[PDB]
Structure formats: structure tokens, C-alpha cells
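Enquirer: One structure, pasted below without further comment.
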There are 2 protein chains.
Amino acid sequence: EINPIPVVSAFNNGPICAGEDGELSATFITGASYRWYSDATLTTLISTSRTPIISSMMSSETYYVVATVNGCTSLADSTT
Amino acid sequence: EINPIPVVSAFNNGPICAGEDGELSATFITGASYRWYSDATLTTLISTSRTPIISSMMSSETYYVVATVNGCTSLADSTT
């Protein structure tokens, strides 16, 4: 059985005002797990949710997402 | 049948102000049960929920989580 590699895209709420809670989201892939990272090298894990909430953002920041399907991992996408 | 060992990660709401209700969460594993402990030795059980609520926290505290799948237990993760 040769499994396909899933493709996932990342998104956000558009510009947000400092002090507000930012939200991240990603495309839904049936059966996929998701992992969000703060590092470009994917070494620090933030959360494991399709749509995590980031409390009290005071400054611009970037996030990376990897989706996993049937043991196969997507390339990470990113959003700012 | 040889079952895999599940991997579960723990999270929280980020810094919270004293007197507020803190929340814990953990990665979702399909079919897993969850157990949260207050002790590093996993001897005191707090709750059995993926996302328990901790009322009125007045000080920093740490929690441990174990997920169980098909009778196999994960290593405990932790969050502060």
C-alpha cells in the first residue's frame, strides 16, 4: 500500500490589534492529525489542534503546520 | 496483535492571572482514554478528561498526562 502525501495550508484572522487573541487555522484533511510549531526547523511544538488560539498577542509572529495522514507527513506550511 | 504505544502531548492557556480558571488540554488520539495526575510519580489522580478545568488557581502548578489506547499506556507528558 503506497500512501499519498497530504497537503495542508495554514491561515489566520488577518491583521489583529495588539492585546487581542489570535487564531490559527489549517485546511481540513479527513483523518489527519495536526502539529503546530513555532520554529522554522519544527523543533518546538506549540499545540496539536487544527485551530489553536493564541492568547494576548502583542506583536507579529509566525507559525508552521504539519499534517499527518496514515503515518505520512506533509511539508510544513506557514502563516503570519 | 502487537499494539503501538500512543504519544500524547500536554498544553495549557499560557500565563493566567491568579483567581482565574486554568484549563488543561492534551492531544487527541482517537479511541484513547486520558488520566491527569498531580504527582510526578503518577500516584494522585485528578481527573479523567482530555480537557479538565482547574478552578481558581492562585499559584503556578504542574500536571501530568497519560493516554491509554487498546490497553497500552503512553509515557506521561507534562505541562505547567
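Note on naming: chains are A, B, ... as they come in the C-alpha cells, residues start from 1 per chain, ligands start from 1 in the order shown.
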Leaving out residue 37 of chain B and any residue of its chain fewer than 6 positions from it, which residues lie within 7 Å of it when counting only C-alpha atoms, given as a ChimeraX atom specification?
Expert: /B:44-46,63-65
Enquirer: Counting only C-alpha atoms, a student should be able to say which residues of chain A come within 9 Å of chain B; what is the right answer, written as a list in words?
Expert: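 Only these qualify: residues 33, 46, 47, 48, 49, 53, 54 and 55 of chain A.
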Enquirer: Could you dump the residues just selected with N, CA and C atoms as a short mmCIF file (atom, residue, chain, number, x, y, z; two decimals), in the first residue's frame?
Expert:
```
data_model
loop_
_atom_site.label_atom_id
_atom_site.label_comp_id
_atom_site.auth_asym_id
_atom_site.auth_seq_id
_atom_site.Cartn_x
_atom_site.Cartn_y
_atom_site.Cartn_z
N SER A 33 -3.95 14.25 11.68
CA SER A 33 -3.61 14.89 12.93
C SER A 33 -2.88 16.16 12.55
N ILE A 46 3.99 23.75 19.74
CA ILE A 46 3.10 24.65 20.44
C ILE A 46 1.86 23.93 20.86
N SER A 47 1.24 23.29 19.88
CA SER A 47 -0.03 22.63 20.09
C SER A 47 -0.33 21.59 19.05
N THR A 48 -1.34 20.77 19.35
CA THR A 48 -1.80 19.76 18.43
C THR A 48 -3.29 19.90 18.22
N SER A 49 -3.67 20.87 17.42
CA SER A 49 -5.06 21.19 17.15
C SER A 49 -5.18 21.82 15.79
N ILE A 53 -5.74 28.62 19.62
CA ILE A 53 -5.93 30.03 19.95
C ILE A 53 -4.68 30.56 20.63
N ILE A 54 -4.20 31.71 20.19
CA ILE A 54 -3.01 32.31 20.77
C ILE A 54 -3.40 33.53 21.60
N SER A 55 -3.34 33.39 22.91
CA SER A 55 -3.81 34.46 23.78
C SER A 55 -2.93 35.69 23.79
#
```
Enquirer: Between atom CA of residue 56 of chain A and atom CA of residue 19 of chain A, what is the distance in Å, rounded to a tenth?
Expert: 4.7 Å
Enquirer: Could you give me, as a PDB file with C-alpha atoms, in the first residue's frame, each residue of segment 8-80 of chain A that DSSP assigns to strand (DSSP E) when run on this structure's backbone?
Expert:
```pdb
ATOM      1  CA  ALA A  10      -2.241  27.497   7.081  1.00  0.00           C
ATOM      2  CA  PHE A  11      -4.312  30.630   7.727  1.00  0.00           C
ATOM      3  CA  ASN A  12      -5.124  33.299  10.315  1.00  0.00           C
ATOM      4  CA  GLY A  22      -5.193  35.494  17.517  1.00  0.00           C
ATOM      5  CA  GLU A  23      -6.430  32.363  15.896  1.00  0.00           C
ATOM      6  CA  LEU A  24      -4.742  29.940  13.603  1.00  0.00           C
ATOM      7  CA  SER A  25      -6.392  27.530  11.305  1.00  0.00           C
ATOM      8  CA  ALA A  26      -5.498  24.976   8.716  1.00  0.00           C
ATOM      9  CA  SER A  33      -3.613  14.891  12.930  1.00  0.00           C
ATOM     10  CA  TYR A  34      -2.048  18.339  13.131  1.00  0.00           C
ATOM     11  CA  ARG A  35       1.023  19.764  14.809  1.00  0.00           C
ATOM     12  CA  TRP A  36       1.867  23.450  15.125  1.00  0.00           C
ATOM     13  CA  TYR A  37       5.395  24.654  15.625  1.00  0.00           C
ATOM     14  CA  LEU A  45       5.824  22.214  19.498  1.00  0.00           C
ATOM     15  CA  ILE A  46       3.099  24.653  20.442  1.00  0.00           C
ATOM     16  CA  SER A  47      -0.027  22.627  20.093  1.00  0.00           C
ATOM     17  CA  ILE A  53      -5.929  30.027  19.952  1.00  0.00           C
ATOM     18  CA  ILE A  54      -3.014  32.315  20.770  1.00  0.00           C
ATOM     19  CA  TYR A  63       3.692  29.670  12.809  1.00  0.00           C
ATOM     20  CA  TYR A  64       4.273  26.382  10.995  1.00  0.00           C
ATOM     21  CA  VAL A  65       1.898  23.457  10.404  1.00  0.00           C
ATOM     22  CA  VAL A  66       2.410  19.815   9.630  1.00  0.00           C
ATOM     23  CA  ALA A  67      -0.454  17.417   8.936  1.00  0.00           C
ATOM     24  CA  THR A  68      -0.115  13.666   9.312  1.00  0.00           C
ATOM     25  CA  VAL A  69      -2.168  11.073   7.453  1.00  0.00           C
ATOM     26  CA  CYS A  72       2.794  10.291   6.247  1.00  0.00           C
ATOM     27  CA  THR A  73       3.714  13.867   6.964  1.00  0.00           C
ATOM     28  CA  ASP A  77       3.136  25.347   5.597  1.00  0.00           C
ATOM     29  CA  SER A  78       3.348  28.669   7.325  1.00  0.00           C
ATOM     30  CA  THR A  79       1.345  31.697   8.236  1.00  0.00           C
TER      31      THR A  79
END
```
Enquirer: When you draw a straight line from atom CA of residue 6 of chain A to atom CA of residue 31 of chain B, how long is it in Å?
Expert: 22.6 Å
Enquirer: What is the distance between atom CA of residue 21 of chain A and atom CA of residue 57 of chain A, in Å to one decimal?
Expert: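 Going from atom CA of residue 21 of chain A over to atom CA of residue 57 of chain A covers 6.1 Å.
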